[PDB]
């Protein structure tokens, strides 16, 4: 690719993507940017940990520092340059730290435009428990999900207009004359679009994941009993993909009971569905019963934040945005201005999202090694500010914490 104010490294190898299969080297070049505030601290930390987890299983990563945020407005005059985008476009996995939405924008607008120009349609969140991390629940150890969230549409597509505005007012009056529907005039208005195409590729991804990692089930979560033609369609469209594209692998829950007596044949993945508002109960009492979960945008967000709270909270949650043969990896957490000062914030989220990057790369044995080592060190009592909370009497800084997990990794 042609790069402006930064060149790739002479020492690396591209990851490639033919068919739908991702071809990964032993020395892949993977771009990353520190991003804003806290990122200057946590991303370096994840790097050192991933460095050691790489060189532990006879491989190496060749990091390609690109830029985003302040670093970029300082350098290109722009917060999200062509270079950065084009680096991921070319190299297909990136590790990112958190961004700050510049004065003017809209919520997480730099993260919006990244998923847009790169077509990252799925937010993928693994939720699991590490021993030693504090939990508000009695049985956090039973929690083990991977959540696949459609991330392009639903109410979160930002299609809406304020009360009393001319566009709002025309929509309401349109809906009156055309369909005889009557929306009070003093109303703000949004629109909720869910499409066959977008539902079907998110689910197709979740199922393929289940097959490929032999998870026992895929659960479709929807509110299709009140919202028949948006949420209810997500369900019908998700079932269709299981039924029409994966009949080798997928059986319904009707099929589980009548045809298989309730036995789970090897190879087969159960595809089931649960009403969204009941899932909050299900992850608390039937935690055992869910692995891969596939959800629309809103439900995806709520359920996955609910699940993280069981397991130690959002501050340590690893995230991902994924499309076709391409992925971008950041913690679910923001950039926090102050961070108590420097070197005091928790790198665990970034480290574990680093681990998630390796899983998507194929090096899932190295991902596992990172999880165990993060655990061994949190269990030891070595923790930063945020987990000294409910085990108070041992501290240690951001750098010192990453080093201590490095200690534990090399110790296999």
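Residue numbers count along the first chain shown, from 1.
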Mean Cα B-factor comparison, 236-244 or 110-118, giving the higher one as deposited: 110-118
Segment of higher mean CA temperature factor, 32-40 or 64-72: 64-72
Candidate residues 134, 102, 224, 190, the one whose C-alpha B factor the record puts highest: 102
Given 123, 252, 278, 78, the residue at which the Cα B factor reaches its maximum: 78
Third of chain Cα B-factors occupied by residue 199: lowest
B-factor third for the C-alpha atom of residue 209 within its chain: lowest
Lowest, middle or highest third - CA B-factor, residue 174: middle
Relative C-alpha B-factor of residue 350, binned into the chain's lowest, middle or highest third: lowest
Third of the chain's Cα B-factor distribution that residue 342 belongs to, per the entry: middle
